Structure formats: C-alpha cells, structure tokens
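Structure at a glance
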Amino acid sequence: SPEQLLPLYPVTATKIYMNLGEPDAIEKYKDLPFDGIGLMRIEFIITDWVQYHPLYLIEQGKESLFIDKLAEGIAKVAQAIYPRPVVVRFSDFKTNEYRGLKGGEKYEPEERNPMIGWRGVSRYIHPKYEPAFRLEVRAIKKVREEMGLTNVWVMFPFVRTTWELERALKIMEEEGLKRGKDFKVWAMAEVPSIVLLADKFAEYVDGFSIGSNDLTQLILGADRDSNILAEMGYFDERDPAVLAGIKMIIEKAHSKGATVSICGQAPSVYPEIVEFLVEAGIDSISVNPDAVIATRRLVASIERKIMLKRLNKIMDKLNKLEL
Amino acid sequence: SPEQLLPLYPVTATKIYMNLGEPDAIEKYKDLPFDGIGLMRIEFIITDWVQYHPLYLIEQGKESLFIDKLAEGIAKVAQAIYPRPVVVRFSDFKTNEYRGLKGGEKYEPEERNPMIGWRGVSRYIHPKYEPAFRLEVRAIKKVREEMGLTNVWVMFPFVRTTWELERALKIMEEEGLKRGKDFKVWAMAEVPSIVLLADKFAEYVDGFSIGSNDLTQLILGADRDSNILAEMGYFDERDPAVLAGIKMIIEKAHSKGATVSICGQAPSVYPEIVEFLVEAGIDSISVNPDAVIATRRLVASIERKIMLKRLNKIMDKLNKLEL
Amino acid sequence: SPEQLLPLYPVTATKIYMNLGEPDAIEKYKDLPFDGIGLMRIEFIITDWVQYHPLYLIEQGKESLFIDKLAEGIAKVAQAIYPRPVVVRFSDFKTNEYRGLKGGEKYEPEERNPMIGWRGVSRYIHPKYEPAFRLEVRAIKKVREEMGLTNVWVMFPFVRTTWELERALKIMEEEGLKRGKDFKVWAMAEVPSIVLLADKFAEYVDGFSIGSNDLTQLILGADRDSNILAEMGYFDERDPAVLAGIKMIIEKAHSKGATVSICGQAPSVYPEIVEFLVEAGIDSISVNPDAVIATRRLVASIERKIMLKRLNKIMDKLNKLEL
Ligand SMILES: [Mg+2]
Ligand SMILES: [Mg+2]
Ligand SMILES: [Mg+2]
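Residues numbered from 1 in each chain as written, not as in the entry; some residues may be left out. Chains lettered and ligands numbered in written order. Part of a larger assembly, values for the part shown. Heavy atoms only, no water.

- Looking at the method and resolution fields of the entry, one finds cryo-EM and 2.24 Å.

- As recorded in the PDB entry, chain A goes by the name Phosphoenolpyruvate synthase, listed as coming from Staphylothermus marinus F1.
- According to its PDB record, this entry is titled "Cryo-EM Structure of the Multimeric Phosphoenolpyruvate Binding Domain of Staphylothermus marinus Phosphoenolpyruvate Synthase".

1. Some words on the relation of the copies chain C and chain B
- Aligned on chain B, chain C shows an RMSD of 0.0 Å; the corresponding rotation is 180° and the shift along the axis is 0.0 Å. The superposition of one copy onto the other is thereby described by a two-fold rotation axis. Using C-alpha coordinates, one finds that chain C approaches the rotation axis most closely at C:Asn113, a distance of 2.8 Å.
- Same-surface contact between copies: 100% of interface residues of chain C are shared with the interface of chain B. (Least-squares fit on C-alpha atoms. Contact = heavy atoms within 4.5 Å.)

2. As for the relation of the copies chain B and chain A
- Between chain B and chain A, the superposition needs a rotation of 90° and an axial shift of 0.0 Å, giving an RMSD of 0.0 Å. In symmetry terms, the pair is related by a four-fold rotation axis. Minimal C-alpha separation from the rotation axis in chain B is found for B:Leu8, amounting to 4.4 Å.

3. Description of the pattern of salt bridges
Residue and element names in this part refer to chain C.
- Counted by the stated rule, this structure contains 64 salt bridges over all chains.
- Here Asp-214 ties to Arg-119 by a salt bridge, and the two come within 3.8 Å at their closest N and O atoms. With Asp-214 in helix α10 (residues 212-220) and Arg-119 in the loop between α4 (95-99) and α5 (121-125), this pair connects stretches of sequence that are 95 residues apart. Here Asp-214 and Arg-119 have matching classes, each one buried.
- Close ionic contact of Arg-134 with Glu-174 constitutes a salt bridge, the shortest N to O distance being 2.6 Å. Here the residue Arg-134 occupies a position in helix α6 (residues 130-145), and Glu-174 occupies one in helix α7 (residues 162-174), the gap between them amounting to 40 residues. (Salt bridge = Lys/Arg side-chain N within 4 Å of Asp/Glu carboxyl O. Helix = DSSP H or I, 4+ residues; strand = E, 2+ residues; numbered from the N terminus. Buried < 20%, exposed > 50% of the residue type's maximum accessible area, 1.4 Å probe, protein only.)

4. Examining the nonpolar core
- Residues B:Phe156, B:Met172, C:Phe156 and C:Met172 are the most contacted members of the largest nonpolar core, which totals 211 residues.
- Look past the residues within four positions of C:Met172 in its chain and what remains in contact with it is C:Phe90, C:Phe133, C:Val137, C:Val154, C:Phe156, C:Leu177, C:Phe183 and C:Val185.
- Formed by 99 residues, the second largest nonpolar core is a distinct cluster that contains A:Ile37, A:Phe93, A:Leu177 and A:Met307. (Core = buried A, V, L, I, M, F, W, Y, C linked by side-chain atoms within 4.5 Å.)

5. Concerning the sheet that holds strand β4 (residues 152-156) of chain B
Residue and element names in this part refer to chain B.
- The strand order β1-β2-β3-β4-β5-β6-β7-β8 describes a closed barrel built from eight strands, whose pairing is parallel. On average, adjacent strands in this sheet sit at an angle of 25° to one another, irrespective of strand direction.
- Of the pairings in the sheet, the one linking β4 to strand β5 (residues 185-188) comprises three bridges and is parallel in character. Among the inter-strand pairings, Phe-156 is bridged to a residue of β5, identified as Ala-187. (Pairing = 2+ DSSP bridges. Axes fitted to C-alpha atoms, helices over the stretch in contact; angles between N-to-C directions.)

6. Comments concerning the interface of chain C and chain B
- Of the residues lining the interface, 43 residues belong to chain C; the matching set on chain B comes to 43 residues.
- For the chain C and chain B pair, buried surface summed over both sides reaches about 3500 Å², with 67% attributable to carbon and sulfur atoms.
- Of all residues in chain C, C:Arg112, C:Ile116 and C:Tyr234 give up the largest surface area on contact with chain B, accounting jointly for 19% of the area buried on that side.
- If you look at where chain C meets chain B, you find zero salt bridges.
- Summed over the shared surface of chain C and chain B, the number is 14 residue pairs in polar contact.
- Contributions of two or more residues to the side of chain C that touches chain B are made by α5, α7, α8 (192-196), α10, α11 (227-231) and α12 (240-255) of chain C.
- Per element, the largest residue contribution to the side of chain C that touches chain B is five residues, and it comes from α12(C).
- Tallied by class, residues from the side of chain C that touches chain B come to 25 nonpolar, 10 polar and eight charged. (Buried area = accessible area lost by both parts, 1.4 Å probe. Polar contact = N/O pair within 3.5 Å; in protein donor to acceptor, adjacent residues only side chain to side chain. Nonpolar A, V, L, I, M, F, W, Y, C, P; charged D, E, K, R; others polar.)

The following block contains the structure:
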C-alpha cells in the first residue's frame, strides 16, 4: 500500500517539484513524493488536444476550443495535486514547431534561427500573436476562477528584456490575471540577459525558473541537435560558465527576494549539480517523475551534509575572532 | 497495518495538535500523528448530549447531568490519547447560540452584537452565569481527579481584560482547580487587547492559543457570515494586520516565557501562514484531523528550511564581525 | 460682550477641534474657542434633511436633492467658521441605521453584526453603494468649488485595509476630488488593523482621527449597548490596551509624518486621557462643544506641565553625559 508511504519519505528543505508534459500522466505519478509541478508543458495539449494554430482558430472563430482544452488539461493537473502548486509554462513552441500545427503556415514566418528567433515573451507581446497569448491567459484565468483552482501559477518562457516582461504582465492584467499573494509569476532563466540582470528582472516576477537545458545552450552558444557539437562534449551542464551563471542568478534573485527554481535534466543525472544547487541555496528543484524519489533522497543528504559543513565553518570563523 | 506507521512519521520541533469537536470521533482519528488535542470543543457536548441551558438545569437542580456528560466526553477524549494533552475549551457559545438550548430564553438577553457581546470570560465571571462556569470547572476537576486524567488542560475563550482573567482564575481556585505543573491554563488570543497586552496576560496563563478565525474578524472589524464582506476578500488570514498581530503575540508571550499555539483554519489551507508561524517560533499548531499529516510534513520541511537559513545568516553575521 | 473674549482664551499647542452633528447648531457655538470642526457628522443631514436612502434617490433619479442638502449643510458649517477647517465624515450609518431611511429596505441586507458589518470604506468601494459615495463626493466637491470653501476636508470612517482606502481614493479622484495642499484626507483609526498598520496607512491619508468610542469597542471586542458588558466597566477608554493602541497609532503616524486627531468622549470626561494624549504628542483633539473651553484650559496646563518635565529630563540626561 504505497499511498501511506508518502509521509514517510525523507523531508527536504528544498522543494522537490515534478515536470509534467501530459495531463493524463498525473494519475500515474500521483504517488510520488513531489511538492508540486514546477513545470507543466502545454505543448502536448496544443499539439495533440488542439492540433490547430491558435491564430487560425481565432480567424475561424474557434477560440473556445483552444481555451477549453487548455483549461481542461490544467484543471485536471491542478485538481489531481491540490493544493500543491502547478506552474504552467506558456507556449514554448518555436516557429518551425508552430508550423506543425494545422493552419500555422500563414502565421509563422520561415526563420533561419527559431532557436533564438521569435519565441517566448517576444512572441506574446507582439501584436500578431497577442490574441493567442490572451487566449492562454484566459484559459489560465478560467482554471483559477471558474474551477477555483488557486494553486495554478504561470511562468514566462524565454524572457529576454525587462520591458517585454512588463508588457506581458500588463497584457495579463488587462485579462484580469494579476500577480498577487494567491498568484505567482515566474520567468524562465534560460537567456544570458537574465543571468546578467536577474536582480533587475526580480521586480516583475515572484521567482525564476532556470531552464538549464536552454541556459547551457545559450551561455555556450551551441545547439544540441547538432551531432558534431554533442560528440565533443559541449553540452555538459557541469560547465564552469553554466555554473557561474546559475550562481549569479541565484545570488541576484535572493538579493532581491525572488525564489529560484531549476527545471532541466542537470539535477536528474548529475549529483554534483544537485549538491552545487543546494549549496547555493536554490529554493526548489523540478525533475522528471522517474527522478523524483532519488532526488528527494539526494537533496536531503546534501542538506544534512551542508548542515554539518556550515557549523564547522562557523566554529572556524569563531576561532579567528578569538585570535 | 497503519498502527505501526505512527512512529515513522516525520519528526517536527513544533507540536502538531488536533482540533476535536465530537468525542466519539476520537476513535476515527486515533491513528493520526498528532501530539495532542490543542482544541476540544465542548459546544457539541452541550448541544447534543445535554440539550439544556446549564442555568436552567441549576434551577431544576440537574447540575449532575451537565457535569456528568461533560466529564464523560472529556474523559473519553483524554483516555483515548493518554498521556497526550487535551486542551478543553470552555463554553464558546454566543447569546443567540445559548438561546438554542432548552430553557435558555430566560437567561440569555437579546443582544444586538453577541459576536462582541456577553461571551467568554466576561460571561464566566458574571454572577448570573458563574454557577454554570462552576459546573464546567467541576466537570474538569472530576475528569482530572476521579478518573485521574492529568493530561486535561483548559483554555479560556475570548479573553478581554486581565482582571476578568484573574477573576476567572480565582473562581477556578475556589473550585479546587489550580494552575500548576500538572495543570495548564491557556487564554484564547482572539481579541486585539490580547495582541496589545500579551506580555501582561502571560502572568496569569501558561500559554496562549491564537484563535485566528476570530482574531482576523476582530482585528479587521469584519464578520464572516456577511456574504458581502466575504466576497470582497476581507477574511484572508494572510492579511498584514493579522500577521503583525500574531507576530506581536508570539514575541510578547516568548518574552514572558509563555507558550503560543494557533487553532484555526489558517494553517490548514495556507502553507505560507505555516511558514511564517514556524519562523516566528510558535510552540504548537492545532489543525483539523484531515489536515494533520500534511501539516506534520509541511512544518517539518519548513523547520529544516529555517535550520538552513539561520545558519547562513549566522555566517553572514560572523563575516560582519571580522570586517 | 463675549465676542471679544475669543482672543483672550488660553493658547494651546494642540489644536482644540469641535464635534458637530447639526449644521444649524454652528451658530450656537460660534463663540467657542475652537480651532475647527474636527468631526462633522452628516448622519443628521441624511436622516432629517433627506429622509431617503441615497440609492433609492438614484433609482428615482433624485440625486440632486441629496447632493444639494449635503452641500447646504456643509457649506453653512464651513462658511460659519471660515477659514477654520471642517472635517466632514462620510456616511457612518450601519445597515440597520440605513434601513431606517425611506426605501432603504431594498438596498440594505439584514446583517447579524452590522457593527462590524458592511459599513464605512468597505461600503463605499462596493459597486452597489458606490453611486451613493459618488454623490457624497460630488456634494463635497460642490462645496469646495461652487462655494469656494477650501476649508472642507474629508475623513473616511471605519477604514479596514489599505487596498480599500486606495480604491476609495481613486473613486474620489475619478470625481475630481484629489488630495492636495488645499484638501486633506483623514482616516478613522477605529479598527485594530489601523492600530497595527498605521505607518502603512499613512501613505494614503494626510492624517488619522482616532475614534476612541469605536476603537475601544473593537480593541476590547465589546459592544456598548449591551447593558451587561457596560455594568462590568469594560467600556473604559483608560484601559491599558486602548492606551497602548493609541500610543502605537500616534508613534506610527508621526514616524510617517501624518497628523493624529481624536474625536471621542474620552477627552471630554477623563483628564488623564487628555494628559496622556498631549504627552504622546497628538496633533489635535476634537471634543463636544460643551467640553471645548475646559479642554482648551486643560490641554494648555498639561502642555505647560510637559514643558517643565521635559526640561528636567534633559538636565538629568545631560548629567549622565558628564558622568
Ligand atoms: Mg526552454
Ligand atoms: Mg473563537
Ligand atoms: Mg465610529
């Protein structure tokens, strides 16, 4: 009877979140010791439950279908784990991925580098895609209000500049979705501009989610699907530059009182990444379901280890005071 | 076999108490990891096991029935969880609620605001209701002595002034119920006078129980059953005024060496309230049975988190000493 | 010839304001040495000059009558004592008191506790009563502009939360009534939330008016018309909790540069309350007309006494510097 084994799992100061892409998979992982969904991917919902470009649906006057499918998926995930928070990520599609949707060829220009192209918040605040972002915000508002699921938060993927973030925030406010005590807004820390200006971005969002997969790619300026670059071992999240960027993000966000989360494959595979993150004082770690329990163990041990080490340092520090 | 799973639950520095209103429900929740009954409501016993106003029973010479029913309920609850403490709350009825009892129309005046009317300690020390309070104290004494259940403590609901508290204490002493090492007396911190003078009230009671439901109502001056006020969102226990009052109560009580408890719906629904309470250093948290286990998890995690944060602060503090 | 005796009255640092409920009574008390009307009650105007619920008049399209009667009363009071300020209090009625008006049964729900019910700013910002508050603001604007009576200020009764105060302020701004150098906005400090967060409320208002009558009731959680509670002596404004709350309000408001006033029966009857208020450094005291002159004497003496005591302390303090 595993359902009574949940409270007996090790207690961790750092929150252990879970990454979810398919809403129907929430019932498979309902017995895992996770403190919430730190990353809900709505890409699967749009691809397989909608099949249509949101702008195409707006042109055909079918906003209701898109809004209702997103609302159904998000409400299922939120109600399955209430009151644990569900951090829904906005549309993370690229232009080429957007073209895969039905009727998306008319609204998606052919881009040489969609990886660093028109995507994320830059797409949301643009007048062309603004109605689709408004549809997504309307779905989130319907989940939070019609179903009363307060535990639904949002994260803005691929945030580039502060003014774009504030424009997205005011667009959300125009839709009645306002940042508050019961509503948290996060920003993906996958762009080096966020690394350099995390303390400046913290005035607009409640916290940051470090997209280590994309953050490593952008910091190193390398793209993963290129087999040549992958063979050389570039895409190691243990890279000193990536670690320095993560440390800077954590320091700036905690100096401005913003929470820091990480949602990538780095904590799932590399224990040393987890140790470094916990030592830096990261607020939460979001991992894949199959890596939840182990992470909950590992973080706990690391915390205990830290709780020893700091004590020693304090004593040593105290020694230098008396001499 | 859940009965051997009790010792395996997470260990929390803050005591996790349980709220009980029906004595017969103690057997349903005997397998929950609670450190005691932080709030036992005798309102159900008087309403459904007595059906009669205590003053009416005194007039009819039936004090024995009221005393014996209270003693039976309290003894059942205390013996079910011995030696864990059972904090019995005295009669928390309002005048309109008192009139619901049989024969209570003759003893309860019609009040415009019973919510802030003749209730609580103000009712107990009044000569008219003093015999009923003496009956309640006699029932408590019978439980503590005839059945030898030392684990029964009392809390005074809706305490307004220090002189009324000392008059209630001397009335209890006249009945042979004296505050001591084996008997704890608490005061409900649901009136702003307790907020302002907690350090003064601490000389009379062993600890305080924060009635967050009533404390929010009195601090904000709003009454919950009014749907208009509820719709505007006034009754949020995360309100800055309520948090400041709770912090002041905790600080004053710990400055005077008195324990602090909370028995309301705030810790059951809002994790941030629990985090703030544990950070402030609250001695115990009393929640509903269905919210016990989760709270025991949450508090534990928060404690661990705090146990990290303080360490960091100490190191930072130590840094400022060397420079 | 008493009219030349006004300048010969004792000079007080603390402003001595007067409480007025009937505009026609301003001519009776025009020869009293008061520095202004610290509390103008428009309850009498609405009850006896309008007789109608403002929402009922709006439904019947008779906003002009209500606005003109309020304007006539306020203009009479302001012109009678120009340029001394007239602090008009907004509608302080309760729901039961509102039902006494003609046609008010349809707009006032039956409330169990109107004393802590839908009243004050909570009523003004609500969409249902918002047109009536707009009518009151329009009357104030007509007095300040059509008659050019700059000396008219407003106070918001029964302020609960900061967001409600800012919503009322923006509603006033939408009506052209904006806080400025020639227009002062006060908040009644009769709710314990104001006591706990006076420094936070000071960013929205020019000053605070301590409603000691209601402040004592809310701090002690007792209602005055209950004869049982009154007999026990609960409603003593010399209570330590009420004094501590008043001291906290004064300290916070003066730390944020906001003026503090008191408009209640405490300074009219208890000289020690006046002494404590003047020692705390209250900016003004508003009393009943029959208690004006005596208060003007008493405060003066107290000020002189303080002006001695502080000097002694300074000398003593200086002694500790030389030793
Ligand atoms: Mg990404
Ligand atoms: Mg209560
Ligand atoms: Mg009042």
